[PDB]
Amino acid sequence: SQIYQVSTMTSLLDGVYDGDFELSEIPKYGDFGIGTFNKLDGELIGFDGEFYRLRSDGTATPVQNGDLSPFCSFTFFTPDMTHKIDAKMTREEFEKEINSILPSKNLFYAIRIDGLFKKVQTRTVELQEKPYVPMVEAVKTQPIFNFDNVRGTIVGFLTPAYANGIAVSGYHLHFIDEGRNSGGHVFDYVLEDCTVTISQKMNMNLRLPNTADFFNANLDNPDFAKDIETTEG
């Protein structure tokens, strides 16, 4: 019952985009997860043991041995709660509904939503070149995609506020379409005909990078929570 957390969101804010975590190791830690890749070269998403790199060119590439990440989160997803949604529901209404059925706001959850969405809006981070800029700068020109009447899967994690800055507190969701070509990090969505599954997690295992970039990063950011809202909302 664990979320395996690779590095911290505050390190990613500081422009630490080169990690040492080998994505070839994913099956040791989960069959489900999200994150990004070294150099912010695309969005990571996976479930049922199949992971993808989604880039702003509208392609999904399989995760391949040699791929590395500075920030990602995994779990072995088990469906502890299931809920059907058969009528239009906005993101706000959805968070309210899910929050109402969780056993506690103080635990970690993995969430999956499969089905038809009236709308999903995503962004996809793009490959950065050294010298790296802070992520609030990096995302300023991030590509934003609007999908209508789209079928696919949203996966992610629900993180309690005490963990903000390690992970993203609240709902952190990525999307991939039924065709497995397009999607990214989710900003907004409207559900139409979906099955929601939730997996409750009682442990969070944080793995720090053994890199000079992490060791030497200045992670004192008094405004980290606002910066996380800017980059992830």
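Start at 1 and count along the sequence shown; that's the residue number.
In this entry, 133-141 has the higher mean Cα B-factor, the comparison being between 107-115 and 133-141. The deposited model assigns a higher average Cα B-factor to 49-57 than to the other stretch when 49-57 and 197-205 are compared.
Among all modelled residues in its chain, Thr36 ranks in the lowest third by Cα B-factor. Among the modelled residues of the chain, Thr75 sits in the lowest third by CA temperature factor in this PDB entry. Per the deposited record, the Cα B-factor of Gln2 falls in the middle third when ranked against the other modelled residues of its chain.
Among the modelled residues of the chain, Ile101 sits in the highest third by CA temperature factor in this PDB entry.
The PDB entry assigns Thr153 a C-alpha temperature factor belonging to the lowest third of its chain's modelled residues.
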